[PDB]
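Below: one structure, written as structure tokens.
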Amino acid sequence: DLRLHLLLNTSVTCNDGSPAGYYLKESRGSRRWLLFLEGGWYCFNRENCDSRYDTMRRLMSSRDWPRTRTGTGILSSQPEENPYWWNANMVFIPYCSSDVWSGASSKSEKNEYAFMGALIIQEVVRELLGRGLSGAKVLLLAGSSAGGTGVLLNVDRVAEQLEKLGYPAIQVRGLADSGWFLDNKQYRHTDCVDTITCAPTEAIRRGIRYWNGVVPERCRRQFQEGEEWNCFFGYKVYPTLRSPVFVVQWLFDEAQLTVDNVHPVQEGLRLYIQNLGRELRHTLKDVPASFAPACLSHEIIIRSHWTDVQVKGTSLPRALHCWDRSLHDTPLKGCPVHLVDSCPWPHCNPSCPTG
Ligand SMILES: *[C@@H]1O[C@H](CO)[C@@H](O)[C@H](O)[C@H]1NC(C)=O
Ligand SMILES: CN1CCC[C@H]1c1cccnc1
């Protein structure tokens with residue numbers, strides 16, 4: 001099991017001012033550390049944050065968190081469930097900032113909610129340095145859905161943080177699961193009359209202002225003031241990243257359909273789905289390490305059945321293992337790192353998750 005630690009710096013808080021924290025399972029004699037960012041949408045104004053606080057409160061507060069958590073999938077310590085990194089030090093960072101891990105704005109007389117996701121990550125890293133992370137060889141910052149996009153937004157800041165603190169030996173890497181989305185499937189990109197039908201790019205624009213959100217510096221310098229929302233989209237922020245990042249992305253992500261307002265399928269829907277898979281495949285063509293199955297699904301890496309999905313005969317744990325080998329101080333025979341399905345329809349891959 002992973003054991004809860006609430007941050008000693010109680011000024012780095014969840015949305016409601018309760019302390020943020022992390023679940024930790026130490027593995028003495030391992031110099032590999034996996035920090036997993038939980039996902040779970042976001043809120044972007046007072047009214048829909050209030051709604052989230054009423055019926056999704058564990059995503060906004062630590063008050064009701066359990067003392068322990070069971071590590072599953074890539075967080076499992078059993079080699080059967082986790083052929084990749086079962087012996088690693090395991091950290092699960094709960095998502096309680098509702099800001100796609102981008103916020104740097106505390107509560108006050110003007111802010112009723114605190115949005116500190118980017119600061120929570122930095123504070124967890126700081127505390128872990130005193131619990132063995134100072135001796136690490138690899139820190140893998142992983143995450144699913146909003147946590148996957150969180151990886152893209154934060155992996156280079158963790159690398160810079162560890163360099164400035166005097167730990168240049170730790171190799172910081174990223175693993176972004178279901179965090180890679182397209183912004184091009186919209187009739188209107190700026191209308192936001194209600195929360196549910198708000199355009200995805202407009203929701204992010206509003207969120208960034210509400211959260212005092214921060215994006216990676218090289219990406220921010222490209223798109224400049226007011227256009228930081230661009231850096232939430234993988235194909236725009238990825239080329240600016242210096243840290244190695246492995247991208248896990250279903251070709252037909254259920255959250256992509258949701259932000260596109262897409263729910264016997266006829267020609268219009270068939271063309272949308274087939275074009276979506278082709279466009280996602282195209283955006284991944286120059287990502288060196290990726291795993292992108294032709295499935296309609298959402299998230300994978302902390303699901304116990306993540307061992308079972310295969311692309312071109314290679315499982316996700318094996319792909320990550322080959323990625324590890326590729327980064328040890330020319331492709332590898334029988335150990336591929338770039339695995340993107342070419343077939344054009346959900347479940348054309350027979351290993352897709354069911355239900
Ligand atoms: C707590 O975190 C805040 C935000 O990063 C920082 O400004 C402050 O110096 C920290 N204080 C301590 C005691 O760690
Ligand atoms: C960051 N989120 C994860 C799942 C969907 C993604 C997203 C991207 C852009 C606008 N809203 C949500």
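Just so you know, the numbers here start at 1 and follow the chain as drawn.
This deposition comes from X-ray crystallography, 1.7 Å.
The backbone N, Cα and C atoms fix where each Cβ goes, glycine too.
Copied over from Swiss-Prot:
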CARBOHYD  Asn9  N-linked glycosylation site
ACT_SITE  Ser145  active site, charge relay system
ACT_SITE  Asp253  active site, charge relay system
ACT_SITE  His298  active site, charge relay system
Key: Deposited-model gap closure distance - 6 residues unmodelled, Cα of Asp329 to Cα of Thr330, Å   = 13
Query = Here are some recorded positions: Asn9, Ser145. Which one has the most Cβ atoms within 10 Å of its Cβ?
reply = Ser145
Message = Any of the recorded positions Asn9, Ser145, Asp253, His298 with a C-beta atom under 6 A from ligand 2? Give them in order, or none.
response = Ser145
Ask   = Is any of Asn9, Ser145, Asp253, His298 (recorded positions) within Cβ reach of ligand 1, i.e. under 6 A, and which?
value = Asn9
Note = Least Cβ-packed of the active-site residues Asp253, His298 (other Cβ atoms within 10 Å) is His298
Note = Across 4 unbuilt residues, the C-alpha atoms of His263 and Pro264 lie a whole number of Å apart, namely 12
Query = Given the recorded positions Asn9, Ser145, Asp253, which lie close to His298 (active site, charge relay system), meaning Cα to Cα within 10 A?
reply = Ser145, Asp253
